[PDB]
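In: Next one to model:
(2 chains, ligands or ions: 2)
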2 protein chains.
Amino acid sequence: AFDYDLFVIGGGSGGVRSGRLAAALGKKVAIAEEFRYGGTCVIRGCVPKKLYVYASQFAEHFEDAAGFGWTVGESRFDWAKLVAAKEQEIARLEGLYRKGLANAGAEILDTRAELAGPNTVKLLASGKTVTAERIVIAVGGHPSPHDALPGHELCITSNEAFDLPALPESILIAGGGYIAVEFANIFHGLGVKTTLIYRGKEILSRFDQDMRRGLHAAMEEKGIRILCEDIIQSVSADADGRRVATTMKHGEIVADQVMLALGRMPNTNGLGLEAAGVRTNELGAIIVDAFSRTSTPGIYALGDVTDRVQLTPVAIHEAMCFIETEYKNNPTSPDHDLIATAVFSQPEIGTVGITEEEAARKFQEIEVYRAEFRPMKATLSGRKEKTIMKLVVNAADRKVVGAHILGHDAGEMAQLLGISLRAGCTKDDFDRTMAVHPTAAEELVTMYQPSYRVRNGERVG
Amino acid sequence: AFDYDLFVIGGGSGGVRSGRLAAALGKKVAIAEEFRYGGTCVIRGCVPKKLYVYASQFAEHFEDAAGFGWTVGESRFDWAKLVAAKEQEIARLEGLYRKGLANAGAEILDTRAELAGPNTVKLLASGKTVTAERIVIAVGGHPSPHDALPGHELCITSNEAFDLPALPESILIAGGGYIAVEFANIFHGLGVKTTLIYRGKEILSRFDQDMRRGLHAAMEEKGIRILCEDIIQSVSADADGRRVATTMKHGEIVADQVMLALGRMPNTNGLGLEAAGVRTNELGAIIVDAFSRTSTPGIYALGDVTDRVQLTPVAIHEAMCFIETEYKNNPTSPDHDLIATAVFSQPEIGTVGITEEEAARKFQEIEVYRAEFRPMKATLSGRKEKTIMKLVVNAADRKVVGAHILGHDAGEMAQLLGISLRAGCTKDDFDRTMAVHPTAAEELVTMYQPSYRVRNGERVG
Ligand SMILES: Cc1cc2nc3c(=O)[nH]c(=O)nc-3n(C[C@H](O)[C@H](O)[C@H](O)COP(=O)(O)OP(=O)(O)OC[C@H]3O[C@@H](n4cnc5c(N)ncnc54)[C@H](O)[C@@H]3O)c2cc1C
Ligand SMILES: Cc1cc2nc3c(=O)[nH]c(=O)nc-3n(C[C@H](O)[C@H](O)[C@H](O)COP(=O)(O)OP(=O)(O)OC[C@H]3O[C@@H](n4cnc5c(N)ncnc54)[C@H](O)[C@@H]3O)c2cc1C
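Out: Numbering: from 1, shown residues only, chains lettered A, B, ... in the order given. Ligands and ions are numbered 1, 2, ... in the order given. Let me share the structure:
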């Protein structure tokens, strides 16, 4: 017999659910975590991200207010007071996540943990060796290095973007991902002069053309300079502690901060992955099968470390299906079909299903239903914003193969359309659905005619 | 033949759809509105209502911003500015509907219309007499006058609510339905000392228990006095112009305005129905079959005048079904089950399907999935709010037969959930649906275990 039935590496979303449910079953479990319990999402991901999105939004609320008869007093924003607030809440969350593990009977450990033998775990903080039947590696990722670019040391990442000395007067953000455009709309909302720089032609490349192009237009219209098809050569400092970033095509740009949000990578360098026999791809990610099992027998991998789909509910699903398979005697493969997602840009993006371009490659007759309108609030607020609602439909079986929303509450809507596309509902099901008035979502249940068609890769209408 | 192919009496939602659609088929159409084109919804219903909701929501936005590092200086509300901002919009909408009709070719006239024969319509404003082949009575209702209550002429309806010459410092609202609760929330949000009184045991008596009790709780928690199982004996005016209302149970309450929000009634008096043999029920509504046919051959009735579900989309749908039935030789019926609805109280309600009480009776075995939680934002605002999210499921099917949401965006959610329920989604479709994080909506897709069961109408303890 070994020291533990289960040893979990990484106390993030996937690991905690793994370690906790297993303990809850009366298994002797141990979990290690080198930073703080709760992992990225809680500590420097979704939670603070969204809290800061809320903080940035209040500025728009104040202006909209005017249109409804409110005269609003002067408003001051204190960056420090937000970081203070955020800090307390993330301490709070971490507290409870730690307690869940202590309750379920699991033994909790503060250290970095590494693989030694085939089922042996090297513990750094105490320098001991432990053995386990199963080892779960829920280790996650970290912001990409870009060390080859001079001056990277001066730049920041999501890791410190939340905990800065001060709100900058101006910022440069690099990349076109969901993390990049989130922060741009966060800082802009908070009065920071915001600029966005990106390698690709259109931001958010893997999203639908209308989302990519619509978010662009609104961000520019609201005053975020976006330089597409461009790059930083170097970052250096002026005599002021400010940052000077050299571009290829848009000269040089002087900002308080430079933020690098070009991708993420898995925490695998020197984890012991050749030393345990754990096959890793060129991206650096852990290759696992339908049961989250690695090349080595007793070793499992789940979460961002596997570089499949890198979101929180995915780590959690895999943790659960792991426990079902390994303990509850009920084999189950985690599902990655039809995941709905959200981007907390202003305005929001909610998407589920496949893109127009992707649907156009996949099927031979596709129908596009597209709504674009001034939200009702805007009518009186005086804001220039438009909500775009796009449904992509396969003409053969009338299925909705993709749903894309740009506008208020789009994230919440994404979730619920998730269920509708999951159960393979038809454009007809939408049409038979009675409208709820007044809402935005009623635009999805009344577009009886297609905006246009696509046949053999060609738009027709 | 006749002057017109189709006369439409009433320029609200039902009538306008009807006229515009029919005219756009090259039919001689005529339409008469005795007041303002666009009808209740546009002028003094859904549209203006939702704006006032928005106006009222900013109050909470100001205090809520504090917990996010904002300090907002005191803000002041100007009623006269709201009401004005509102008129500018409804006037714009009114005009768009007028423009819409004209563009289709329909003849617009501003007059009340009554019925001569069964194919003949009189137009009071010109004192003329006109013939049509088909007639549509899309006349709608009006707020109930309570001529039995002493001093009723001192009270207000939703007609006057939007347009009070000044903002009351106190209001007392009799009524328990969605109109009552919306206004009470609107006025409260705007700083009116608000009191609500109702003759029944619980407000929104048609709604699920957790919708009723939950909203009640949040309302009185925030400073709204609710008085159940009680009635107004009489209203009278005091020396200062204020209103004194007499109660069976809570003595006499003085307020600036007393709103009666207990039911609407159909505009069927002296409409010339009797002369046209158009049968009417004891509540004064026109009796129709499922294809909007009155008891007189050439004549149809649709909208709030018809006894039915009194909502704008219902009117609209009825009107399309009419165009179809009478013109496209495609007989189909509007009558429909599973209409999702919202109540724009605060917190919002959103609801589809049937209540826990109904399902308990209708099915032998049900499963209930109940979620109660502090919205993410409240984590920092300190707001003291709870989201209730409740799913009702048939144990035999796994069918979701009811979904009920109390909290932010419950209306948008209801509409989307309504698609899922129309298409008969199972609790399993929900569970297979990957979560979107962080949202409110993900609580509907991860309650893998029921919160409780009901068998033979009684809960398992
Ligand atoms: C800015 C930002 C915004 C995001 N927003 C969202 C969002 O809105 N929605 C969403 O679904 N997802 C979001 N994510 C992603 C989400 O955080 C992750 O996909 C999720 O946390 C993956 O969980 P995990 O448990 O696999 O990894 P993690 O949650 O990162 O857990 C790994 C933990 O293990 C620790 N660890 C690493 N190596 C070792 C070791 N050798 N020994 C001991 N401990 C170790 C690390 O310190 C880390 O805390 C966001 C991420 C970022 C960066
Ligand atoms: C305060 C309030 C809030 C509401 N909120 C919502 C909501 O959020 N969502 C929702 O779906 N519904 C809502 N409704 C209900 C909605 O407004 C009605 O269901 C809808 O307007 C039905 O329209 P209709 O076709 O019956 O005619 P209406 O829209 O009532 O209009 C018919 C028109 O005919 C005119 N007319 C009447 N008699 C005659 C005559 N004898 N000759 C000529 N013209 C005449 C009337 O003046 C009226 O303009 C609300 C209603 C109220 C009162």
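
In: And the closest residue to residue A:268 other than its chain neighbours, which helix or strand is it part of?
Out: In space, residue A:268 comes closest to residue A:284 once its chain neighbours are excluded; the distance is 5.2 Å by Cβ to Cβ, 6 or more residues apart in numbering or on different chains. In short, each C-beta sits where N, CA and C put it, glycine included. With elements delineated by DSSP states H and E, residue A:284 resides in a region that no helix or strand encompasses.

In: separation between the nearest residue to residue A:395 once chain neighbours are set aside and residue A:353?
Out: Closest residue in space to residue A:395, ignoring its immediate chain neighbours: residue A:365 at 3.5 Å, by Cβ to Cβ, 6+ apart. Residue A:365 is 17 Å from residue A:353, where distance means Cβ to Cβ, to the nearest Å.

In: The two: which is more packed in?
Out: More crowded of residue A:365 and residue A:353, by other Cβ atoms under 10 Å in any protein chain shown: residue A:353, with 24 against 14.

In: Quick check: closest non-adjacent residue to that one.
Out: Leaving aside its chain neighbours, residue A:353 sits nearest to residue A:402 (3.5 Å; criterion: Cβ to Cβ, 6+ apart).

In: tell me the contacts of the one you found?
Out: Counting by Cβ atoms under 8 Å, 6 or more residues apart in numbering or on different chains, residue A:402 makes contact with A:208, A:351-356, A:358-359, A:390-392, A:421.

In: where along the stretch 151-300 of chain A do the helices fall?
Out: If you assign secondary structure with DSSP state H, counting those that start in this stretch, the helices in the stretch 151-300 of chain A sit at A:158-161, A:178-189, A:209-221, A:273-276.

In: Out of those, which is closest to residue B:455?
Out: Between residue B:455 and the helices of the stretch 151-300 of chain A, the shortest gap by Cβ to Cβ is with helix A:178-189, which sits at 46.0 Å.

In: Who are the packing partners of that closest one?
Out: helix A:46-66, helix A:158-161, strand A:170-174, strand A:193-198, helix A:209-221, strand A:341-343 (3 or more Cβ pairs under 8 Å, 6 or more residues apart in numbering or on different chains; DSSP states H and E).

In: Recalculate using a threshold of 7 Å.
Out: Helix A:178-189 is packed against helix A:46-66, strand A:170-174, strand A:193-198, strand A:341-343, with contacts defined by 3 or more Cβ pairs under 7 Å, 6 or more residues apart in numbering or on different chains; DSSP states H and E.

In: okay if I get the ones you listed as CSV plus distance to ligand 1 and mean neighbour count?
Out: Rendered in CSV, the data for the helices and strands packed on helix A:178-189 read as follows (distance: least, Cβ to the nearest ligand atom, whole Å; neighbours: other Cβ atoms under 10 Å in any protein chain shown):
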stretch, distance to ligand 1, mean neighbour count
helix A:46-66, 4, 20
strand A:170-174, 12, 24
strand A:193-198, 16, 23
strand A:341-343, 6, 23
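
In: On the three-state scheme, the residue in chain A positioned nearest to chain B is what?
Out: Sorted by distance to chain B under Cβ to the nearest Cβ, the residues of chain A start with residue A:73, at 2.4 Å. Classification of residue A:73 into helix, strand or coil gives coil, according to DSSP: H, G, I helix; E, B strand; the rest coil.

In: By residue count, tell me the biggest helix in chain A.
Out: helix A:79-103 (DSSP state H).

In: buried ones in that helix?
Out: Using 16 or more other Cβ atoms under 10 Å in any protein chain shown as the burial criterion, the residues of helix A:79-103 that qualify are A:79, A:81-83, A:85-86, A:89-90, A:93-94, A:97-98, A:100-101.

In: Can you tell me which of those is closest to residue B:397?
Out: Using Cβ to Cβ, residue A:100 is the member of those that sits closest to residue B:397, with 34.3 Å.

In: Can you tell me the SS state at the residue lying closest to the closest one once chain neighbours are set aside?
Out: Beyond its immediate neighbours in the sequence, the residue positioned closest to residue A:100 (Cβ to Cβ, 6+ apart) is residue A:20, lying 5.3 Å away. For residue A:20, the secondary structure call by three-state DSSP comes out as helix.

In: burial measure for residue A:20, as a count.
Out: By the other Cβ under 10 Å criterion, the neighbourhood of residue A:20 contains 22 residues.

In: Also residue A:147?
Out: Burial of residue A:147, expressed as a neighbour count using other Cβ under 10 Å, amounts to 8.

In: so it sits in a helix?
Out: No. The assignment for residue A:147 (three-state DSSP) gives coil, which keeps it out of a helix.

In: neighbours around the nearest residue to residue A:437 once chain neighbours are set aside, how many?
Out: Distances taken as Cβ to Cβ, 6+ apart put residue B:312 closest to residue A:437, at 4.8 Å, once the chain neighbours are dropped. Here the number of neighbours of residue B:312 (other Cβ under 10 Å) works out to 23.

In: and residue B:312, what does it touch?
Out: For residue B:312, the residues meeting the contact criterion (Cβ atoms under 7 Å, 6 or more residues apart in numbering or on different chains) are A:437, B:13, B:41, B:46.

In: between these, which is nearest residue B:454?
Out: Each of those was checked against residue B:454 using Cβ to Cβ; the closest is residue A:437, at 32.7 Å.

In: Now do the longest helix of chain A and helix A:46-66, the angle between them.
Out: 140 degrees (axes from the mean of the first three to the mean of the last three Cα atoms, to 10 degrees).

In: after helix A:79-103 comes which helix or strand?
Out: Moving toward the C-terminus from helix A:79-103, the next helix or strand (DSSP H and E) is strand A:107-110.

In: Show me what whichever helix or strand comes after that next one pairs with in its sheet, parallel or antiparallel.
Out: Sequence order places strand A:113-115 as the next helix or strand after strand A:107-110, per DSSP H and E. Using DSSP bridges, the strands paired with strand A:113-115 are strand A:120-123 (antiparallel).

In: rewinding a little: the residue nearest to residue A:100 and ligand 1, how far apart?
Out: 13 Å (Cβ to the nearest ligand atom, to the nearest Å).

In: Now do the same contact list for that residue.
Out: For residue A:20, the residues meeting the contact criterion (Cβ under 7 Å, 6+ apart) are A:100, A:101, A:104, A:106.

In: let's go with 10 Å and repeat that
Out: A:8, A:29, A:31, A:97, A:100-106, A:319, A:323 (Cβ atoms under 10 Å, 6 or more residues apart in numbering or on different chains).

In: Just want to check the distance between the residue nearest to the spatial centre of chain A and residue A:407.
Out: What sits nearest the mean C-alpha location of chain A, by Cα atoms, centre = their mean, is residue A:311, with 5.6 Å. Distance of residue A:311 to residue A:407, computed by Cβ to Cβ: 21 Å.

In: Then residue A:414?
Out: With Cβ to Cβ as the criterion, residue A:414 and residue A:407 are 11 Å apart.

In: which residues do those two both contact?
Out: Listed as contacting both residue A:414 and residue A:407 by Cβ under 10 Å, 6+ apart are A:348, A:349, A:350.

In: And the last one, its phi and psi?
Out: Note on residue A:350: its backbone torsions stand at phi -120, psi 120 [degrees, to the nearest 10].

In: What parts of the stretch 151-300 of chain A come near ligand 1?
Out: Neighbours of ligand 1 within the stretch 151-300 of chain A, by Cβ under 6 Å from any ligand atom: A:158, A:179, A:267, A:271.

In: Taking these, tell me the two that lie furthest apart.
Out: Within those, two members stand farthest from each other by Cβ to Cβ: A:179 and A:271, at 23.8 Å.

In: Count the neighbours of the residue in the stretch 151-300 of chain A that ligand 1 sits nearest to for me.
Out: Scanning the stretch 151-300 of chain A for the residue nearest ligand 1 gives residue A:158, at 3.9 Å (criterion: Cβ to the nearest ligand atom). Residues near residue A:158, counting by other Cβ under 10 Å, number 21.

In: Please name the residues that touch it.
Out: So, once contact is read as Cβ under 10 Å, 6+ apart, residue A:158 ends up touching A:40, A:44-45, A:48-49, A:142-143, A:179-180, A:182-183, A:259-261, A:264.
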